[PDB]
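A.B. asks: Encoded as structure tokens, here's the structure I'll be asking about.
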Amino acid sequence: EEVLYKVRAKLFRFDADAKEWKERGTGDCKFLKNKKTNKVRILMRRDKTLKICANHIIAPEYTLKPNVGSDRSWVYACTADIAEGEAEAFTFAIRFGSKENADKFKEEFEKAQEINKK
Amino acid sequence: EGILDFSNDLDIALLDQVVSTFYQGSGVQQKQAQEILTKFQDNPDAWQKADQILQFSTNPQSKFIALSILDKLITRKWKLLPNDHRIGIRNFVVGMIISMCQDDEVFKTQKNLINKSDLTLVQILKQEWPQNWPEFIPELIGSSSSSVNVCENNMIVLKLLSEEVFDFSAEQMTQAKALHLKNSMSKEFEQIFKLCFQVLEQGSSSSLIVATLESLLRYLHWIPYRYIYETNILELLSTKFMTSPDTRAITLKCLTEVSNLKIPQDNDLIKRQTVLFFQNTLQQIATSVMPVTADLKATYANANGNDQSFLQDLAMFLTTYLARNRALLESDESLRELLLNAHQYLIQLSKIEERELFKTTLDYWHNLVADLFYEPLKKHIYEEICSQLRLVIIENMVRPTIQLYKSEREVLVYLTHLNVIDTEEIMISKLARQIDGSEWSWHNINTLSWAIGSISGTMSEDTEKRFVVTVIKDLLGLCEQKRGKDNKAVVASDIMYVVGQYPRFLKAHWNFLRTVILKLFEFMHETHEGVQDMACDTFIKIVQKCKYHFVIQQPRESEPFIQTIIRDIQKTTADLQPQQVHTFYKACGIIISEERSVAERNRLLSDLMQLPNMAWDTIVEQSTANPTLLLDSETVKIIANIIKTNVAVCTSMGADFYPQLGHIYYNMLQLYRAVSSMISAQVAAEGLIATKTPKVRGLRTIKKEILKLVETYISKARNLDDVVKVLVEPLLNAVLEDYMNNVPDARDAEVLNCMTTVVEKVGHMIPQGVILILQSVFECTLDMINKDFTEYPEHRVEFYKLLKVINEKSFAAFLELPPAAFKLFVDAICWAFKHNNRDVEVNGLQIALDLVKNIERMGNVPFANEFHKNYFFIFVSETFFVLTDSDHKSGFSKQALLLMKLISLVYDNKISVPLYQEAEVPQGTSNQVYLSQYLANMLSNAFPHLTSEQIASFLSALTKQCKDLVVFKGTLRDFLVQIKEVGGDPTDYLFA
Amino acid sequence: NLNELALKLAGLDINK
Amino acid sequence: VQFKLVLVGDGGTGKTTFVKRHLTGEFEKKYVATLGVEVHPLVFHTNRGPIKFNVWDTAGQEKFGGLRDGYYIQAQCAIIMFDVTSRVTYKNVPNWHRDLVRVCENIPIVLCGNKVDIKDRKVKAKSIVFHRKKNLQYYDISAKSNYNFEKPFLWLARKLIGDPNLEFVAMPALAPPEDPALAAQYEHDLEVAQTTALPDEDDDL
Ligand SMILES: Nc1nc2c(ncn2[C@@H]2O[C@H](COP(=O)(O)OP(=O)(O)NP(=O)(O)O)[C@@H](O)[C@H]2O)c(=O)[nH]1
Ligand SMILES: [Mg+2]
């Protein structure tokens, strides 16, 4: 795979039955373009333990929605994430160190969505 | 869930499987068996079935759980049992342990069960021995000669007994019970020691020897020294048992404790023995373990077998012995090699890569070099030790944990004083090996720079000058020779670190100091990560130490350099982040406060604050017409950054900041009001969720920074009259009503913190202001925090800090509360007692104590009389409740102190009125008699399992001891033990 | 004085 | 290749929060006391293959103690926890240690001082020396800031495997995969999620 984008981030998952955001991991979020399929995915590992907390393709259907409490975060529903086994469905929030990186992330997230439609 | 039914007979086969599902299962089946076993174990009658399990079960874990159920019974209800149950359990446990030692299969493969049985037996000995079991020790010694498994197991019983009596009794039994057991063990130890010493001398079972040595380790905590020095046991420990690795580990720990025995410091025969066992031990180590030249760093890193624990225990043994006894080895010439070999082992131990082990050896090195710095005719012994130590510490210098750094610096400074020349040579050599590349590394050059910077101020000024100049030249040469921005940034940062560490050098060479500063300014434009932060940190660091050379006009200059810094400040800081700009301004504030000509200082302050003041006037102009601009985030950030700049400068200038504070004060408070309106309007338009938005959080940052600025100045002000006359009145009008009338989620806890500072500094001067503070924040904040211990944690902590300082400085404010509000005050204090949160609990207990003292100082007046009538017993009983509920143990000392103050008030007749109702007790009854009756009834209902004799004896001692806190607290601790069991001896309270 | 030492420090450029 | 780990220490010291952080990555802000014990499997990927910890997260409050030292039987390693903002929790470390080694006489044990993220530290580093004579490894940790949060398991893994060069390694990342009858369902929970503010917005991440 090729590294298209790399940014430090904190990934949350929404616990709907508790009305609460739960952290899933902190570490490097990477945009990885497979070279023999050209598909781009999100791969994110926790610092130190290097366990996977995000592993899904940047689907062209996904839309980044802002959270009410943050100008440096995006919220989007994910239908197939395989970070912890079988492809589960999650409502993900991802927060960055600054509004600049969060805006850069949305640009890169949309560029990658164009790549995955071809 | 069948075994929980005590109607039927216990299914032992089902128990063994429920126990197996729990220990070896997983999933929901294990979780269900868990809740079942906890319920079976918690049934108060399960102890009656414990003899079935211990006899019939085939599952060792079931017999363990049975002994646990028994242990609960022996510990808390042993005295309530009929006297024949006590005999049967004791006989059964004694018999079962005898049987287990006879079956070598059981004794070899069921150590957990035998140990658990031995502890259960010890619990029985604590209840029954020796008053109802006087022949235990004689019969224990007799049966030890029968079997080797029994002799070894009796050493396990004696070890555990010594631990329960001497090592773990203080918290778990009363003072009288503990002393009784200590005296009983002490009276019969002579027989215990001879059995123990016979086994050590006669061999030969290693497991029996190890169990005997493990029990000896416990004895050494308390036995008289004659047992160690007037027998042959030191020779055995320091020779025989050091050779075999089975016994080596425990023998080393024993010798460590022997080095801690209380021992007559004048007998020369004992000094010989103390030297002799050390010499034997070091000989066995050199011949049986490893020679003094061995690479212990590599051995430890290999982590074979028990090597790491052994090297840890060796470091503990050497450092413990040498810190106490090295003077024995320093005068005799025949002991010189033994002294230096011991320290050479420590040198080798100090190279191990292990943080916690290094701190242990470093603490000893600190003890040594401090002694070589102060004691005559000593440093010459250790110069080759000290020379090696210099390299060890330089090469392990940590980033300045700062605690470890301060310890390393302290030792390295001592070592530099001891031999400056050797310290220079090592550091320059290390630098040479950075330059030739043999030891080049980012980590290595950084570590060396920290070490070089750490010894600043220990050489003579001229010797330091040539050292510093050499280091700077070499470091500059090292940078020139390196390639790439990554490598060059590392050296430049270290160059700046070193120069920042040598202010005496900078102060004597202005031209060089100015070059440094101008270079730091150059670096404030360097995009490379970390350089700007390093440039700013070095700048303020140098300023703090060399500020005077920035305020005066230096020879060959036309103006003080501070004027040059301010003039170019916009260009210098143009590329810095806001927090870096504030550090820069803070640094300039340090310099300006060095100017004590008031007129010149204020002019420097005006010039420094010129850019934030100009940006301030524009916003005050354009955001007042019209207040739409505050919706723009960019405008909110500019305002926050203007105020933060003012905080930074006020932080370093303190009292001198007042002219600049006056330039903005009135417009700032108006802005505070306007920002408060928009937060309120935004919560009205969008709901409570608005407080989470970036827009509102930015607005609240403005209010928080405004309060922090006012708080910063007032806490440091010298003219308190201006604070009272100019600052306090507009401040209260701006913040109090806005706080009171906002919804809970919109109230800034920083308002309470700001008010705490105001009351702390000028509270004694604004009694009406304190009353207005209480009226605006007391009842509405209390309602926020008095429904649970969780919500609004910041408000909770600041609330009681504010009440605490009001009670200290303006107690009259509480005297003017309506009776209903003063009752909420008492409630709020007791409410603070109940917090597990340490900040709340400590303040709540302190407020209660200061309040009772405030009431005492009033004398015999109606308010003091009514206070005691309404709240004395509330405070007595609320204090007892947290004392005895086992969930506020962190506040024991201050609970004990408050209670002693409450009790002593009555037994000193400092309460004039009677505390009772005139009908409920005969007239003329003293408060003392009524207090003991109230407390007796209270404790009888709160702890119904106590006898009336217990309660009476406890209270009799407690009231008689209310002038002796150490004794008073011991009596409380005895009460806290007796309420956990049934049948506590009431005579225990006669201990003192 | 250390005028030569100050000249080296002033020259220092981590970008060369 | 699984090992039994008993986690002991006073109530409120953060034993359960520490484990949850390792299990799911979350930080539980609420204190919900453990009743008896909660067993969780915990797997780490190392250069020596996966290592599995069966974490017996025991209860620190005495009224919830359950089987107490019964949980320690056949433990192969242990973590003793205390709170650097609560001196009583460090004062009790010798009590937890005494009960533990009476059952497990020769297991590797990590002593952890939790909650170092809090400014007002009460148990100072200079005061923490109990591990020395007992040969326990010590770490400052914070389950909230994740400071050193992997060190206790890394050190234990090295002791249990017998390899001092053991390291955690990145688990391999297989490719992720790629209906309208659930479009209105996911849109409903998305809208609730956007109206729930993310926690700890003042944090750096
Ligand atoms: N600031 C901070 N709080 C922490 C940290 N770790 C845990 N806590 C908090 O401390 C409280 C105790 O949580 P918990 O993990 O259940 O402690 P426990 O030792 O398992 N309790 P028990 O022994 O009764 O089961 C929680 O509110 C948690 O948020 C930490 O690292 N930092
Ligand atoms: Mg818990």
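Letters for chains follow the order of the structure tokens (A, B, ...), residue numbers begin at 1 for each chain, and ligand numbers begin at 1 in the order shown.
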Would you mind listing, as a list in words, all residues of chain C that have at least one atom within 6 Å of chain B, where only C-alpha atoms are what counts?

C.D. replies: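 Close enough to count are residues 6, 14 and 15 of chain C.
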
A.B. asks: Pick out the residues no farther than 9 Å from ligand 2, counting only C-alpha atoms and all ligand atoms, and list them as a PyMOL selection string.

C.D. replies: chain D and resi 11-17+31-35+37-38+57-61

A.B. asks: Contacts of stretch 254-270 of chain B at 6 Å or less, counting only C-alpha atoms, minus same-chain residues fewer than 4 places along, as a ChimeraX atom specification?

C.D. replies: /B:217,317,321

A.B. asks: Those selected residues, please, written with N, CA, C and O atoms and delivered as a PDB file, in the first residue's frame.

C.D. replies:
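That gives us selection-v6.pdb:
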```
ATOM      1  N   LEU B 217      13.941 -14.061  58.784  1.00  0.00           N
ATOM      2  CA  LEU B 217      13.799 -12.714  58.242  1.00  0.00           C
ATOM      3  C   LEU B 217      12.747 -11.926  59.010  1.00  0.00           C
ATOM      4  O   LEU B 217      12.933 -10.737  59.293  1.00  0.00           O
ATOM      5  N   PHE B 317      21.509  -4.728  50.011  1.00  0.00           N
ATOM      6  CA  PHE B 317      22.406  -5.134  51.092  1.00  0.00           C
ATOM      7  C   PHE B 317      23.603  -4.200  51.195  1.00  0.00           C
ATOM      8  O   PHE B 317      23.942  -3.726  52.285  1.00  0.00           O
ATOM      9  N   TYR B 321      24.122  -1.626  54.359  1.00  0.00           N
ATOM     10  CA  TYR B 321      25.244  -1.840  55.270  1.00  0.00           C
ATOM     11  C   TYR B 321      26.212  -0.665  55.236  1.00  0.00           C
ATOM     12  O   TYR B 321      26.651  -0.180  56.285  1.00  0.00           O
TER      13      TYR B 321
END
```

A.B. asks: Quick one: of A:66, A:85, A:60, A:27, who's nearest to chain D, counting only C-alpha atoms?

C.D. replies: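 The closest residue to chain D is A:66.
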
A.B. asks: Hey, what's within 10 Å of residue D:48 if we count only C-alpha atoms and toss same-chain stuff fewer than 6 positions away? As JSON, numbers by chain, please?

C.D. replies: {"D": [157, 158, 161, 163, 165, 166, 167, 168, 169]}

A.B. asks: How about saving the chosen residues, C-alpha atoms kept, as an mmCIF file, in the first residue's frame?

C.D. replies:
```cif
data_model
loop_
_atom_site.group_PDB
_atom_site.id
_atom_site.type_symbol
_atom_site.label_atom_id
_atom_site.label_comp_id
_atom_site.auth_asym_id
_atom_site.auth_seq_id
_atom_site.Cartn_x
_atom_site.Cartn_y
_atom_site.Cartn_z
ATOM 1 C CA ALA D 157 5.076 -10.356 29.034
ATOM 2 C CA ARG D 158 8.880 -10.278 29.099
ATOM 3 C CA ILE D 161 7.873 -15.436 28.085
ATOM 4 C CA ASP D 163 12.600 -12.937 26.631
ATOM 5 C CA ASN D 165 13.845 -8.327 24.042
ATOM 6 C CA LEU D 166 10.132 -9.023 23.537
ATOM 7 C CA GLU D 167 8.318 -6.094 21.930
ATOM 8 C CA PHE D 168 4.784 -5.231 20.905
ATOM 9 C CA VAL D 169 4.280 -5.362 17.136
#
```

A.B. asks: With 12 Å as the limit and counting only C-alpha atoms, what residues in chain A lie close to chain B? Please list them as a ChimeraX atom specification.

C.D. replies: /A:66-73,99

A.B. asks: Using the selection just defined, write its residues with N, CA and C atoms as an mmCIF file, in the first residue's frame.

C.D. replies:
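Output contents, as saved in again22.cif:
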```cif
data_model
loop_
_atom_site.group_PDB
_atom_site.id
_atom_site.type_symbol
_atom_site.label_atom_id
_atom_site.label_comp_id
_atom_site.auth_asym_id
_atom_site.auth_seq_id
_atom_site.Cartn_x
_atom_site.Cartn_y
_atom_site.Cartn_z
ATOM 1 N N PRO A 66 -20.077 17.778 10.905
ATOM 2 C CA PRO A 66 -19.450 18.352 12.098
ATOM 3 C C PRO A 66 -20.213 17.979 13.358
ATOM 4 N N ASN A 67 -19.479 17.903 14.462
ATOM 5 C CA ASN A 67 -20.081 17.702 15.769
ATOM 6 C C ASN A 67 -20.382 19.054 16.403
ATOM 7 N N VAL A 68 -21.419 19.080 17.245
ATOM 8 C CA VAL A 68 -21.896 20.347 17.793
ATOM 9 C C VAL A 68 -20.852 20.986 18.703
ATOM 10 N N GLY A 69 -19.974 20.191 19.304
ATOM 11 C CA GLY A 69 -19.040 20.712 20.274
ATOM 12 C C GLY A 69 -17.636 20.987 19.786
ATOM 13 N N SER A 70 -17.364 20.832 18.492
ATOM 14 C CA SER A 70 -15.987 20.854 18.018
ATOM 15 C C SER A 70 -15.895 21.495 16.642
ATOM 16 N N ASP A 71 -14.874 22.332 16.458
ATOM 17 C CA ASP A 71 -14.495 22.831 15.143
ATOM 18 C C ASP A 71 -13.287 22.092 14.577
ATOM 19 N N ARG A 72 -12.920 20.958 15.175
ATOM 20 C CA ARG A 72 -11.769 20.169 14.754
ATOM 21 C C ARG A 72 -12.118 18.686 14.758
ATOM 22 N N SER A 73 -13.344 18.354 14.355
ATOM 23 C CA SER A 73 -13.806 16.976 14.401
ATOM 24 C C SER A 73 -14.819 16.729 13.295
ATOM 25 N N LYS A 99 -8.107 22.853 13.958
ATOM 26 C CA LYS A 99 -9.059 22.983 12.860
ATOM 27 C C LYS A 99 -8.369 22.846 11.509
#
```

A.B. asks: Please determine, counting only C-alpha atoms and all ligand atoms, which residue among D:123, D:128, D:141, D:42 has the shortest atom-to-atom distance to ligand 1.

C.D. replies: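 Going through D:123, D:128, D:141, D:42 one by one, the smallest distance to ligand 1 is for D:141.
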
A.B. asks: Using backbone DSSP assignments, extract all alpha helix (DSSP H) residues from stretch 111-290 of chain B; output them as JSON, numbers by chain.

C.D. replies: {"B": [111, 112, 113, 114, 115, 116, 117, 118, 119, 120, 121, 122, 123, 124, 125, 126, 127, 128, 136, 137, 138, 139, 140, 141, 142, 143, 144, 148, 149, 150, 151, 152, 153, 154, 155, 156, 157, 158, 159, 160, 161, 162, 175, 176, 177, 178, 179, 180, 181, 182, 183, 184, 185, 186, 187, 189, 190, 191, 192, 193, 194, 195, 196, 197, 198, 199, 200, 201, 202, 206, 207, 208, 209, 210, 211, 212, 213, 214, 215, 216, 217, 218, 219, 226, 227, 228, 229, 233, 234, 235, 241, 242, 243, 245, 246, 247, 248, 249, 250, 251, 252, 253, 254, 255, 256, 257, 258, 268, 269, 270, 271, 272, 273, 274, 275, 276, 277, 278, 279, 280, 281, 282, 283, 284, 285, 286, 287, 288]}

A.B. asks: Write out as a PyMOL selection string which residues come within 7 Å of residue D:27 when counting only C-alpha atoms, dropping same-chain ones fewer than 6 positions away.

C.D. replies: (chain A and resi 23) or (chain D and resi 17+21+144)

A.B. asks: Can you write just those residues out, N, CA, C and O atoms, as a compact mmCIF listing (two decimals), in the first residue's frame?

C.D. replies:
```
# COMPACT_ATOMS: atom_id res chain seq x y z
N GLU A 23 -14.21 6.69 23.47
CA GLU A 23 -12.97 6.67 22.71
C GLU A 23 -12.65 5.26 22.25
O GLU A 23 -12.85 4.29 22.99
N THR D 17 -10.84 0.89 35.24
CA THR D 17 -10.63 1.84 34.15
C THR D 17 -9.38 1.49 33.35
O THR D 17 -9.36 1.60 32.12
N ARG D 21 -9.51 0.51 29.36
CA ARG D 21 -8.69 1.22 28.38
C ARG D 21 -7.94 0.25 27.48
O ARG D 21 -7.80 0.49 26.27
N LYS D 144 -5.90 7.75 32.22
CA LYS D 144 -6.58 8.84 31.53
C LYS D 144 -5.71 9.41 30.41
O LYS D 144 -6.18 9.60 29.29
```

A.B. asks: Take atom CA of residue B:206 and atom CA of residue B:152 and report the distance between them in Å, one decimal.

C.D. replies: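 Taking atom CA of residue B:206 as the start and atom CA of residue B:152 as the end point, the length is 9.9 Å.
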
A.B. asks: Name the residues in contact with stretch 71-83 of chain D at a cut-off of 6 Å, using only C-alpha atoms, excluding same-chain residues fewer than 5 positions from it; report them as a PDB file with N, CA, C and O atoms, in the first residue's frame.

C.D. replies:
```pdb
ATOM      1  N   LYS D   4      -2.677 -16.029  33.856  1.00  0.00           N
ATOM      2  CA  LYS D   4      -3.630 -15.456  34.799  1.00  0.00           C
ATOM      3  C   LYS D   4      -2.987 -14.272  35.509  1.00  0.00           C
ATOM      4  O   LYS D   4      -1.921 -14.408  36.122  1.00  0.00           O
ATOM      5  N   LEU D   5      -3.633 -13.114  35.420  1.00  0.00           N
ATOM      6  CA  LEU D   5      -3.176 -11.880  36.048  1.00  0.00           C
ATOM      7  C   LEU D   5      -4.237 -11.438  37.043  1.00  0.00           C
ATOM      8  O   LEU D   5      -5.392 -11.225  36.662  1.00  0.00           O
ATOM      9  N   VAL D   6      -3.850 -11.293  38.307  1.00  0.00           N
ATOM     10  CA  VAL D   6      -4.731 -10.728  39.323  1.00  0.00           C
ATOM     11  C   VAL D   6      -4.375  -9.262  39.509  1.00  0.00           C
ATOM     12  O   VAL D   6      -3.196  -8.904  39.628  1.00  0.00           O
ATOM     13  N   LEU D   7      -5.395  -8.412  39.518  1.00  0.00           N
ATOM     14  CA  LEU D   7      -5.246  -6.973  39.674  1.00  0.00           C
ATOM     15  C   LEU D   7      -5.885  -6.579  40.999  1.00  0.00           C
ATOM     16  O   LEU D   7      -7.094  -6.755  41.183  1.00  0.00           O
ATOM     17  N   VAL D   8      -5.073  -6.071  41.929  1.00  0.00           N
ATOM     18  CA  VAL D   8      -5.533  -5.778  43.280  1.00  0.00           C
ATOM     19  C   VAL D   8      -5.169  -4.345  43.644  1.00  0.00           C
ATOM     20  O   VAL D   8      -4.312  -3.715  43.019  1.00  0.00           O
ATOM     21  N   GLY D   9      -5.835  -3.839  44.678  1.00  0.00           N
ATOM     22  CA  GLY D   9      -5.647  -2.469  45.116  1.00  0.00           C
ATOM     23  C   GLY D   9      -6.918  -1.841  45.647  1.00  0.00           C
ATOM     24  O   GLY D   9      -8.013  -2.353  45.409  1.00  0.00           O
ATOM     25  N   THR D  13      -8.882   3.260  42.827  1.00  0.00           N
ATOM     26  CA  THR D  13      -7.536   3.504  42.324  1.00  0.00           C
ATOM     27  C   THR D  13      -7.459   3.420  40.806  1.00  0.00           C
ATOM     28  O   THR D  13      -6.472   3.882  40.224  1.00  0.00           O
ATOM     29  N   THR D  89      -4.182   4.924  49.839  1.00  0.00           N
ATOM     30  CA  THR D  89      -4.091   3.812  48.900  1.00  0.00           C
ATOM     31  C   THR D  89      -2.664   3.293  48.783  1.00  0.00           C
ATOM     32  O   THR D  89      -2.462   2.100  48.531  1.00  0.00           O
ATOM     33  N   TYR D  90      -1.665   4.160  48.958  1.00  0.00           N
ATOM     34  CA  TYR D  90      -0.293   3.671  49.007  1.00  0.00           C
ATOM     35  C   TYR D  90       0.032   3.042  50.352  1.00  0.00           C
ATOM     36  O   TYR D  90       0.816   2.089  50.415  1.00  0.00           O
ATOM     37  N   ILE D 107       5.700 -15.014  41.838  1.00  0.00           N
ATOM     38  CA  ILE D 107       5.176 -14.522  40.565  1.00  0.00           C
ATOM     39  C   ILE D 107       5.693 -13.111  40.312  1.00  0.00           C
ATOM     40  O   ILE D 107       5.942 -12.363  41.269  1.00  0.00           O
ATOM     41  N   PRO D 108       5.882 -12.706  39.057  1.00  0.00           N
ATOM     42  CA  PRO D 108       6.255 -11.313  38.783  1.00  0.00           C
ATOM     43  C   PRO D 108       5.090 -10.371  39.054  1.00  0.00           C
ATOM     44  O   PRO D 108       3.947 -10.639  38.676  1.00  0.00           O
ATOM     45  N   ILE D 109       5.391  -9.255  39.716  1.00  0.00           N
ATOM     46  CA  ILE D 109       4.376  -8.333  40.216  1.00  0.00           C
ATOM     47  C   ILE D 109       4.764  -6.912  39.833  1.00  0.00           C
ATOM     48  O   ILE D 109       5.914  -6.503  40.030  1.00  0.00           O
ATOM     49  N   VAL D 110       3.806  -6.157  39.295  1.00  0.00           N
ATOM     50  CA  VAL D 110       3.998  -4.752  38.946  1.00  0.00           C
ATOM     51  C   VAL D 110       3.217  -3.892  39.928  1.00  0.00           C
ATOM     52  O   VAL D 110       2.009  -4.085  40.111  1.00  0.00           O
ATOM     53  N   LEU D 111       3.904  -2.940  40.550  1.00  0.00           N
ATOM     54  CA  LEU D 111       3.269  -1.921  41.374  1.00  0.00           C
ATOM     55  C   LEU D 111       3.050  -0.676  40.527  1.00  0.00           C
ATOM     56  O   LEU D 111       3.992  -0.167  39.911  1.00  0.00           O
ATOM     57  N   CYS D 112       1.811  -0.192  40.488  1.00  0.00           N
ATOM     58  CA  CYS D 112       1.431   0.912  39.618  1.00  0.00           C
ATOM     59  C   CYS D 112       0.860   2.058  40.441  1.00  0.00           C
ATOM     60  O   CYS D 112      -0.079   1.864  41.220  1.00  0.00           O
ATOM     61  N   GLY D 113       1.433   3.248  40.266  1.00  0.00           N
ATOM     62  CA  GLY D 113       0.858   4.462  40.812  1.00  0.00           C
ATOM     63  C   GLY D 113       0.022   5.182  39.774  1.00  0.00           C
ATOM     64  O   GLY D 113       0.560   5.827  38.868  1.00  0.00           O
ATOM     65  N   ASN D 114      -1.297   5.077  39.891  1.00  0.00           N
ATOM     66  CA  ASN D 114      -2.204   5.580  38.871  1.00  0.00           C
ATOM     67  C   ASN D 114      -2.514   7.060  39.093  1.00  0.00           C
ATOM     68  O   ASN D 114      -2.219   7.638  40.142  1.00  0.00           O
TER      69      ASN D 114
END
```

A.B. asks: Residues at most 10 Å from residue D:117, counting only C-alpha atoms, excluding those fewer than 4 positions away in the same chain, as a PDB file with N, CA, C and O atoms, in the first residue's frame?

C.D. replies:
```pdb
ATOM      1  N   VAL D  84      -1.850   8.005  43.260  1.00  0.00           N
ATOM      2  CA  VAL D  84      -0.853   8.959  43.740  1.00  0.00           C
ATOM      3  C   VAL D  84      -1.476  10.218  44.319  1.00  0.00           C
ATOM      4  O   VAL D  84      -0.762  11.023  44.926  1.00  0.00           O
ATOM      5  N   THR D  85      -2.784  10.410  44.155  1.00  0.00           N
ATOM      6  CA  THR D  85      -3.494  11.508  44.798  1.00  0.00           C
ATOM      7  C   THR D  85      -4.174  11.084  46.095  1.00  0.00           C
ATOM      8  O   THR D  85      -4.901  11.884  46.690  1.00  0.00           O
ATOM      9  N   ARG D 121      -0.433  15.986  43.019  1.00  0.00           N
ATOM     10  CA  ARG D 121       0.044  14.666  43.411  1.00  0.00           C
ATOM     11  C   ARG D 121       0.347  14.630  44.905  1.00  0.00           C
ATOM     12  O   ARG D 121       1.042  15.505  45.428  1.00  0.00           O
ATOM     13  N   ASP D 140       4.972   4.748  37.276  1.00  0.00           N
ATOM     14  CA  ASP D 140       3.954   5.787  37.198  1.00  0.00           C
ATOM     15  C   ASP D 140       3.085   5.524  35.978  1.00  0.00           C
ATOM     16  O   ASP D 140       3.605   5.335  34.875  1.00  0.00           O
ATOM     17  N   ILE D 141       1.764   5.491  36.162  1.00  0.00           N
ATOM     18  CA  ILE D 141       0.843   5.341  35.041  1.00  0.00           C
ATOM     19  C   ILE D 141      -0.322   6.306  35.205  1.00  0.00           C
ATOM     20  O   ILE D 141      -0.592   6.823  36.291  1.00  0.00           O
ATOM     21  N   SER D 142      -1.013   6.544  34.092  1.00  0.00           N
ATOM     22  CA  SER D 142      -2.297   7.231  34.094  1.00  0.00           C
ATOM     23  C   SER D 142      -3.170   6.578  33.039  1.00  0.00           C
ATOM     24  O   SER D 142      -2.844   6.625  31.850  1.00  0.00           O
ATOM     25  N   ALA D 143      -4.266   5.957  33.473  1.00  0.00           N
ATOM     26  CA  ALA D 143      -5.225   5.415  32.521  1.00  0.00           C
ATOM     27  C   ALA D 143      -5.906   6.514  31.718  1.00  0.00           C
ATOM     28  O   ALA D 143      -6.426   6.242  30.631  1.00  0.00           O
ATOM     29  N   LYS D 144      -5.904   7.751  32.223  1.00  0.00           N
ATOM     30  CA  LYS D 144      -6.576   8.840  31.526  1.00  0.00           C
ATOM     31  C   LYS D 144      -5.708   9.415  30.415  1.00  0.00           C
ATOM     32  O   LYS D 144      -6.175   9.598  29.285  1.00  0.00           O
ATOM     33  N   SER D 145      -4.444   9.711  30.712  1.00  0.00           N
ATOM     34  CA  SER D 145      -3.532  10.266  29.721  1.00  0.00           C
ATOM     35  C   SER D 145      -2.758   9.196  28.964  1.00  0.00           C
ATOM     36  O   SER D 145      -2.013   9.535  28.038  1.00  0.00           O
ATOM     37  N   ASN D 146      -2.916   7.925  29.335  1.00  0.00           N
ATOM     38  CA  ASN D 146      -2.225   6.774  28.758  1.00  0.00           C
ATOM     39  C   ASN D 146      -0.728   6.785  29.035  1.00  0.00           C
ATOM     40  O   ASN D 146       0.016   6.018  28.410  1.00  0.00           O
ATOM     41  N   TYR D 147      -0.263   7.626  29.956  1.00  0.00           N
ATOM     42  CA  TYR D 147       1.147   7.642  30.318  1.00  0.00           C
ATOM     43  C   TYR D 147       1.562   6.284  30.868  1.00  0.00           C
ATOM     44  O   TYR D 147       1.022   5.824  31.878  1.00  0.00           O
TER      45      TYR D 147
END
```

A.B. asks: From a DSSP calculation on the backbone, collect every residue of stretch 52-116 of chain D in strand (DSSP E or B) and output the set as a PyMOL selection string.

C.D. replies: chain D and resi 52-58+77-83+109-114

A.B. asks: At most 10 Å is the cut-off: for each residue in stretch 34-126 of chain D with any atom that close to an atom of stretch 24-42 of chain B, write down the nearest atom pair and the distance in Å rounded to one decimal, counting only C-alpha atoms, chain first then increasing number, as a tab-separated table.

C.D. replies:
```
residue	atom	partner	partner_atom	distance
D:35	CA	B:35	CA	9.0
D:36	CA	B:38	CA	7.4
D:37	CA	B:34	CA	7.9
D:38	CA	B:31	CA	7.9
D:39	CA	B:31	CA	8.1
D:40	CA	B:27	CA	9.0
D:41	CA	B:26	CA	9.4
D:54	CA	B:26	CA	9.6
D:64	CA	B:38	CA	9.7
D:65	CA	B:38	CA	9.1
D:66	CA	B:38	CA	5.4
D:67	CA	B:38	CA	6.1
D:68	CA	B:38	CA	9.7
```

A.B. asks: Taking only C-alpha atoms and all ligand atoms into account, name the residue in D:47, D:131, D:149, D:69 that is nearest to ligand 1.

C.D. replies: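 The answer is D:149, which sits nearest to ligand 1.
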